[PDB]
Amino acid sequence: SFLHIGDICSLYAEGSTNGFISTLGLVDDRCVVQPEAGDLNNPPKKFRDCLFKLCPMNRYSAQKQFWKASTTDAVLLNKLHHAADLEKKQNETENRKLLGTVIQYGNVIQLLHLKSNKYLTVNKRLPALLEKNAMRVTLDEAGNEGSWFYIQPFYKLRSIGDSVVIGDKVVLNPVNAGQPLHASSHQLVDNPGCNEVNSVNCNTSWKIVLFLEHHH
């Protein structure tokens, strides 16, 4: 039972705080873990909100150049706009070819939160809202380089190059945005009950729990 691009899973954190990554609405871009909401044997009531789709690494170079422009030249801006469209089209095409391919440890993936249709994203230039020395994690619709994560093995049963097995505990390590995804114990003031997910050197493990195979 291996994990594939296109599979839909939930991510269960095991750390100082245990729980599935979830969100706080369609507008609020904060990611959290609610320990009391549920666990592996007793999953939370709103599980629709804990679902992520495993996606390939999107190209963002042309998009970034365009977003960046800024610029006064309309001719240039149109060339960049076109290039960004060709890039988005290439992601669409290539990502379709990758559907159903097995994910190997060391691969770069993106995590699409299905309910909000946004990617889990690390912001290398922003501190987390609560945990001081950590970097901020947010939900971003288009995503960016901060949405790129290496999926690495938490334990040595499997190594880089091996297929990721369902139920495996992994490290979600940003490619260049910062440190591993962390399930902190920093409780949100406004909410219960919810603890901040951020990016910082940590020992959190993330268990990949399969919900639906890609072909569905």
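So that there is no doubt, residue numbering starts at 1 and follows the sequence shown.
Unmodelled residues of the deposited sequence between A69 and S70: 4 to 9. Relative to its counterpart among 81 to 89 and 100 to 108, 81 to 89 has the higher mean temperature factor, C-alpha atoms as listed in the PDB entry. According to the PDB record, 58 to 66 carries the higher mean C-alpha B-factor of the two stretches 58 to 66 and 148 to 156.
For the set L120, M135, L114, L130, the PDB entry assigns the largest Cα B-factor to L130. The entry assigns its greatest Cα B factor, within the set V200, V197, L24, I208, to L24. In the deposited entry, the Cα temperature factor of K53 places it in the lowest third of its chain's modelled residues.
In the PDB entry, a CA B factor belonging to the middle third of its chain's modelled residues is recorded for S10. In this PDB entry, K45 carries a Cα temperature factor that places it within the highest third of its chain's modelled residues.
Ranked against the other modelled residues of its chain, the C-alpha B-factor of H182 as given in the entry falls in the middle third. When the modelled residues of the chain are ordered by C-alpha B-factor, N18 sits in the middle third.
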